[PDB]
């Protein structure tokens, strides 16, 4: 099982202001710690690609993407795919990464999007996925502005399709502190809900298969109850297996 995992990286610039003055500290992080560990011990072969790597060296032809059984996109916005460094600074004409991913799915590849501030529409609608060529590929329809539902008190998932292969045999469903609100396309399969909204949704796109998980795999939307839940590793392994190219 060959998986391309894109995103879950950030560069924080901190300005510490003390009265009149300030000094800065800068940091690089990667965010999918418990998830990529769970996937690796679960038999998945991950090629990890940080957001900044998309900007410099996203594959220019579909053949390179074709080796992957699933592509995962998490906490990385459409602007990163569409406005690669060569496009935005170097005045080049470049192949469209999102059309590439679209073609990839058309011809058999799986696609998962995991929720977050830079997934779907996201914080201040920055992820902007709705207004891109990738919107039609996805089994949910996005809202037109900021789509976050913030639940700092926590709220739990429900199985609505408990007999579905991905979640059959699961129970005692965990709690989340937020998600992106979207509306499942009506030909899609909703498997888990949250707060009267979809949480886990499967669809199809020509030959390929699609999944959306509307919450996060890590903090803060993903809680301790979530990552310690007996069925955490199986959720992500099972969803990738379900949508993998055959």
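Numbering follows the first chain given and starts at 1.
135-143 and 170-178 differ in mean CA B-factor, and the higher of the two is recorded for 170-178. Once the C-alpha B-factors are averaged per stretch, 194-202 and 35-43 rank with 35-43 first. In this entry, the residue among 124, 158, 75, 150 with the greatest C-alpha B factor is 158. The PDB entry assigns its highest CA temperature factor, among 91, 111, 82, 118, to 91. The entry lists a Cα temperature factor for residue 188 that places it in the middle third of the chain's modelled residues. When all modelled residues of the chain are sorted by CA temperature factor, residue 26 is found within the middle third.
Placement of the Cα temperature factor of residue 65 within the chain: highest third of the modelled residues, per the deposited record. Among all modelled residues in its chain, residue 57 ranks in the highest third by Cα B-factor.
Ranked by Cα temperature factor within the chain, residue 229 sits in the highest third according to the deposited record.
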